[PDB]
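As structure tokens, the structure follows; a few thoughts come after it.
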């Protein structure tokens with residue numbers, strides 16, 4: 001995006017030059033990726049396995065932990081595309097996790 005930064009500039013502007021990769025864009029196929037409540041991370045990414053409407057057996061794609069969790073808990077994921085940007089605007093999912 002812009003001129004990359006010095007030691008001083010690096011603290012002025014965010015490192016605007018973000019990047020793009022096939023793996024996170026191939027992984028999109030797991031559209032049931034949702035963010036899930038956590039003490040330690042705030043939130044992490046898990047996936048919807050069996051939709052009980054208001055519950056879903058969600059399963060973590062970290063520990064593999066099947067946690068039947070509610071639709072209202074499960075906070076629809078935000079891909080790295082908007083990472084740590086210049087304004088607090090550009091994040092598509094304006095959400096708690098993000």
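Note: ideal-geometry Cβ built from the backbone for every residue, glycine included; neighbour counts use all protein chains shown. Bear in mind that the values in this text are calculations on the coordinates, not laboratory data.
Of the residues making up the range 6-28, those that are in a loop (DSSP other than H, G, I, E, B) and over 19 Å from residue 90 (Cβ atoms) are 6, 7, 8. Scanning the range 1-14 for residues that are free of Cβ contacts under 8 Å to residues at least 40 places away in the same chain and surrounded by 13 or more Cβ atoms within 10 Å (Cβ to Cβ) gives a single hit, 5.
Among the residues of this structure, residue 47 does not count as one that is surrounded by 13 or more Cβ atoms within 10 Å (Cβ to Cβ), free of Cβ contacts under 8 Å to residues at least 12 places away in the same chain and out of contact with any helix residue (DSSP H, G or I) (no Cβ under 7 Å at 6 or more places or on another chain). Take residue 42 and decide whether it is over 18 Å from the mean Cα position of the chain (by Cα) and touching a residue at least 12 places away in the same chain (Cβ under 8 Å). So residue 42 does not fit the description; no. Exactly one residue among 67, 58, 34 is touching a residue at least 24 places away in the same chain (Cβ under 8 Å), touching a strand residue (DSSP E or B) at 6+ places or on another chain (Cβ under 6 Å), under 30 Å from residue 1 (Cβ atoms) and assigned to a strand (DSSP E or B), and that residue is 34. Of the residues making up the range 74-93, just one is surrounded by 14 or more Cβ atoms within 10 Å (Cβ to Cβ), touching a residue at least 24 places away in the same chain (Cβ under 8 Å) and within 16 Å of residue 17 (Cα to Cα), namely 85.
Scan the range 53-64 for residues that are over 18 Å from the mean Cα position of the chain (by Cα) and surrounded by 11 or more Cβ atoms within 10 Å (Cβ to Cβ) and the total you get is 3.
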